[PDB]
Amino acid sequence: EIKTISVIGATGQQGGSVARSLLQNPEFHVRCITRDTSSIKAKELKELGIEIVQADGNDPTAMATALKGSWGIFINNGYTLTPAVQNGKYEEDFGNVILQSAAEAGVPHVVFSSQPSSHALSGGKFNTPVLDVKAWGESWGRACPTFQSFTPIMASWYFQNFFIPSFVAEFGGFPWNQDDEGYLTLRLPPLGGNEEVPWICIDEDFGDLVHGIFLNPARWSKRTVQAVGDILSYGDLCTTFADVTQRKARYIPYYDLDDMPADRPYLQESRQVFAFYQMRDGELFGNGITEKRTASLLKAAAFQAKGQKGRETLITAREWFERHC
């Protein structure tokens, strides 16, 4: 009756949302995995009544032993890549190691946080390890005969990125620090195409999307899921923020990738991601058109499966600004 689901990164944003969503369904038993059960965040997960296991993804045997009995697993990696991984050893990423360990432990159903490979799609003329490592994990999971289901889920930009101070530093004053001309100014290169920039409130929605996948894993196997709460251009984001907060805001694109300030190291290292996205006419996920219909179908299903508990629709940018500003 009861299906156990191991949650990687349960102390983190993606896995944290996953754990919080799945625990609200009696058909599932959540086994959070963390490196330190004494962690501040781990104790918060232990206050929700969640089973907590301590293990390190870089230890395949220990990980395999910690996933022994899981019906499903949600896998993700971290913001910091090891030098070996940053230099093209994508098989050494702890997320990818965990996926292989799950194969050995016999876990039948996998939901894997993934990203497109700029290298694979551009014929080798681009290399963006931050994305390509997760894409490697997706290539391994899709080809593995052991799994009964492997579904890649691709996260959008978090709305919560607006709370990172260097975010405010890098991309113009937007959305907290106004400039000399009195504007909350956002400065980013265009995405390309029709400027269909995807955004999500990671906390409230991502976990419910993964939950919806686990409600019927066979239907979603080997079919990429885009975790998208809203789709709008940078300029529409600014006008929406201004309407909500009644604070002047504007968008000034970085049309020339070479003419971005070297003062900003998050613009210079992202210049290959931005170029790959532009080359793809803004189709940043690589599998097909950017659409949030599936996400709105995976959120409603989790809503029903949870007992009509919580919210039935994903958080839009307008609502996030109304709730956070």
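In this text, residue numbers run from 1 along the sequence as written.
Relative to its counterpart among 293 to 301 and 65 to 73, 65 to 73 has the higher mean temperature factor, C-alpha atoms as listed in the PDB entry.
Comparing the deposited coordinates for 127 to 135 and 191 to 199, the stretch with the larger average C-alpha B-factor is 127 to 135. In the deposited coordinates, the residue among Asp208, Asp179, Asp236, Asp243 with the greatest CA B-factor is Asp179. Taking the deposited Cα B-factors for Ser156, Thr146, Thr185, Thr224, the highest one is held by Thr146. Residue-level temperature factors show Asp230 in the lowest third of its chain, judged at the C-alpha atom. The deposited CA B-factor of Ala249 belongs to the middle third of values across its chain. Sort the modelled residues of the chain by CA B factor and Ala102 lands in the highest third. Annotation for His29: CA B-factor lies in the middle third of the chain's modelled residues.
Placement of the Cα temperature factor of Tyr255 within the chain: middle third of the modelled residues, per the deposited record.
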